[PDB]
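All remarks here apply to the structure that follows.
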Amino acid sequence: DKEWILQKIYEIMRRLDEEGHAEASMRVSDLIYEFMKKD
Amino acid sequence: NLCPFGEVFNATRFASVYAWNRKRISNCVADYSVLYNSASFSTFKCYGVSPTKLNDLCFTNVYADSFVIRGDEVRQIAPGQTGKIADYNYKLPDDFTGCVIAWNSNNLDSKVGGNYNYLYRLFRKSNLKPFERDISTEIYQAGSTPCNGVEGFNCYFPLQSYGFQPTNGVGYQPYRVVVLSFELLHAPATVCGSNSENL
Ligand SMILES: *[C@@H]1O[C@H](CO)[C@@H](O)[C@H](O)[C@H]1NC(C)=O
């Protein structure tokens, strides 16, 4: 389902920033926005 | 009476884009050639008005909006743009009249180890109206799970912080943006360029 996938992508972003990969976390943020705005 | 653009541009603390700061400029004279002089300005795009003619013009009222975003996202601070910032943080109208000025602030808004003081809105149920400011911090319900005011499964804090590290590439480096709006209402003009005929 879309609900479970969005949760894991959100978790990936958070973990990436906790590991210091700031640019990768901000990039996944950009990809969360595109994912949720499919409508 | 000179317009205090140093309070906006030369300010030390800038706001986050979702809670962008608006300064009213009125009853003053503005020499835009001081700003048109490159005090390091990576962007200087004007709409509905020519940038070389700013000093010859007058306007009913001037709004000065300021915030910080990524270099990638400066393109969205323009009429007819979409994206995380243009849709959820700061929206410009189609008939926008004014200028968008931006410059790199990696020397100011990047702390060794990551500056996380600047925030952006990642989640919103609808797009912003032009010049609308949303500062709500309610938990976003992205799915069918009620959130009850706490973070959890598909229940996210609507704001995410930027990861501003001096090692970032210029696209992920912090950029300070100033958006000058030129209002042309049915009223006497209170802000005139330095080369206006006092009209
Ligand atoms: C900010 O200060 C510098 C320092 O002289 C000056 O050159 C610049 O014109 C100032 N900008 C504004 C908007 O006052």
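Please indicate, with yes or no, whether at least one residue in the stretch B:3-18 is surrounded by 14 or more Cβ atoms within 10 Å (Cβ to Cβ) and of a type in the set (D, E).
Looking through the stretch B:3-18, none of the residues is surrounded by 14 or more Cβ atoms within 10 Å (Cβ to Cβ) and of a type in the set (D, E).
Residues in the stretch B:54-85 that are part of a loop (DSSP other than H, G, I, E, B) and surrounded by 23 or more Cβ atoms within 10 Å (Cβ to Cβ): how many?
Total satisfying the criteria: 1.
Filter the stretch B:86-101 for residues that are among the acidic types (D, E) and surrounded by fewer than 16 Cβ atoms within 10 Å (Cβ to Cβ) and give the result.
B:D94, B:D95
I need the full set of residues from the stretch B:112-127 which are within 13 Å of another protein chain (Cβ to nearest Cβ) and either within 17 Å of the chain's Cα centre (by Cα) or surrounded by 12 or more Cβ atoms within 10 Å (Cβ to Cβ) (or both), in order please.
Within the stretch B:112-127, B:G114, B:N115, B:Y116, B:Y118, B:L119, B:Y120, B:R121, B:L122, B:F123, B:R124, B:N127 qualify.
Might you let me know whether the stretch B:86-107 holds any residue that is away from every other protein chain (no Cβ under 14 Å), in contact with an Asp or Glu (Cβ under 8 Å, 6 or more places away or on another chain), among the aliphatic types (A, V, I, L, M) and in a strand (DSSP E or B)?
No, the stretch B:86-107 contains no residue that is away from every other protein chain (no Cβ under 14 Å), in contact with an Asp or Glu (Cβ under 8 Å, 6 or more places away or on another chain), among the aliphatic types (A, V, I, L, M) and in a strand (DSSP E or B).
For the list (1) within 16 Å of the ligand (Cβ to nearest atom); (2) under 22 Å from B:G171 (Cα atoms), I need the number of the one condition that B:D109 fails.
For B:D109, the exception is condition (1).
Check B:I69, B:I77 and return the single one that is within 14 Å of chain A (Cβ to nearest Cβ), more than 16 Å from the ligand (Cβ to nearest atom) and touching a strand residue (DSSP E or B) at 6+ places or on another chain (Cβ under 7 Å).
B:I69
Please verify whether the stretch B:12-29 includes one or more residues that are within 12 Å of the ligand (Cβ to nearest atom), over 14 Å from the mean Cα position of the chain (by Cα) and within 22 Å of B:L184 (Cα to Cα).
yes
Exactly one condition in (1) more than 16 Å from the ligand (Cβ to nearest atom); (2) touching a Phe, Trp or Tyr at 6+ places or on another chain (Cβ under 6 Å); (3) more than 29 Å from B:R124 (Cβ to Cβ) is not met by B:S40; state its number.
Going through (1) more than 16 Å from the ligand (Cβ to nearest atom); (2) touching a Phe, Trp or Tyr at 6+ places or on another chain (Cβ under 6 Å); (3) more than 29 Å from B:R124 (Cβ to Cβ) one by one, B:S40 breaks only (1).
Residues of chain A being more than 7 Å from chain B (Cβ to nearest Cβ), within 12 Å of the chain's Cα centre (by Cα) and of a type in the set (D, E, K, R), which ones?
Passing the criteria: A:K8, A:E11, A:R14, A:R15, A:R27, A:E34.
Considering only residues that are in contact with a strand residue (DSSP E or B) (Cβ under 9 Å, 6 or more places away or on another chain) and within 13 Å of the ligand (Cβ to nearest atom), which ones fall in the stretch B:1-11?
Answer for the stretch B:1-11, where residues must be in contact with a strand residue (DSSP E or B) (Cβ under 9 Å, 6 or more places away or on another chain) and within 13 Å of the ligand (Cβ to nearest atom): B:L2, B:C3, B:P4, B:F5, B:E7, B:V8, B:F9, B:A11.
Cβ atoms come from the backbone with ideal geometry, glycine included; neighbour counts cover every protein chain shown. Computed from the coordinates by the stated procedures, all read-outs in this text should not be read as laboratory data.
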